[PDB]
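> Everything below, folded, please.
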Amino acid sequence: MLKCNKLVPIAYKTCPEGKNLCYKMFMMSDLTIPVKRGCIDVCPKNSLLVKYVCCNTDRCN
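Residues are numbered from 1 along each chain as shown. You can find the structure just below:
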């Protein structure tokens, strides 16, 4: 049950059972800085509105 990075510097949230990967979300507005981060098992495909980047590591995002 991996950890995803939320509050700086390191502060993290615990991924739910069955989930592994950590993702961050971008907006067509703010590409530079991601707007949401969390856990998921399967990395969500990119949308027109928001972009998804996942990692198989702890506190990447």
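
> ok, residue 30 - how many residues close by?
Neighbour count for residue 30, taken as other C-beta atoms under 10 Å: 9. C-beta: built from backbone N, CA, C; applies to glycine.

> Give the closest residue to residue 19 in space, chain neighbours not counted.
Once flanking residues are discounted, residue 19 sits nearest to residue 39: 4.3 Å by C-beta to C-beta, 6 or more residues apart in numbering.

> ditto for residue 23
Using C-beta to C-beta, 6+ apart, the nearest residue to residue 23 is residue 54, at 4.2 Å.

> For the host helix or strand of that neighbour, which helices and strands make contact with it?
Here residue 54, judged by DSSP states H and E, is contained in strand 50-55. Packing partners of strand 50-55 (3 or more C-beta pairs under 8 Å, 6 or more residues apart in numbering; DSSP states H and E): strand 21-27.

> residues in contact with the residue minimising distance to the centre of the chain?
Centroid-nearest residue in the chain: residue 23, 2.1 Å away (criterion: C-alpha atoms, centre = their mean). Applying C-beta atoms under 8 Å, 6 or more residues apart in numbering, one finds that residue 23 lies in contact with 4, 37, 38, 39, 40, 43, 44, 52, 53, 54, 55, 61.

> which of those residues count as buried?
Those of the contacts of residue 23 that meet the buried threshold are 4, 37, 38, 39, 40, 52, 53, 54, 55, 61, by 16 or more other C-beta atoms under 10 Å.

> Can you verify my assumption that the first one contacts residue 11?
No. Shown here, residue 4 and residue 11 do not form a contact pair, counting by C-beta atoms under 8 Å, at 10.5 Å.

> any idea how far residue 37 is from residue 30?
14 Å (C-beta to C-beta, to the nearest Å).

> Next: residue 43.
For residue 43, the distance to residue 30 equals 20 Å [C-beta to C-beta].

> For this structure, which segments count as helices?
Here the chain has no helices by DSSP state H.

> As a check, name the ranges of all strands in it.
3-5, 12-14, 21-27, 36-40, 50-55 (DSSP state E).

> about what we covered before: may I have the residues that are in contact with the residue nearest to residue 23?
21, 22, 23, 40, 43, 44.

> again, 10 Å this time
Listed by C-beta atoms under 10 Å, 6 or more residues apart in numbering, the contact set of residue 54 reads 20-24, 39-44, 60-61.
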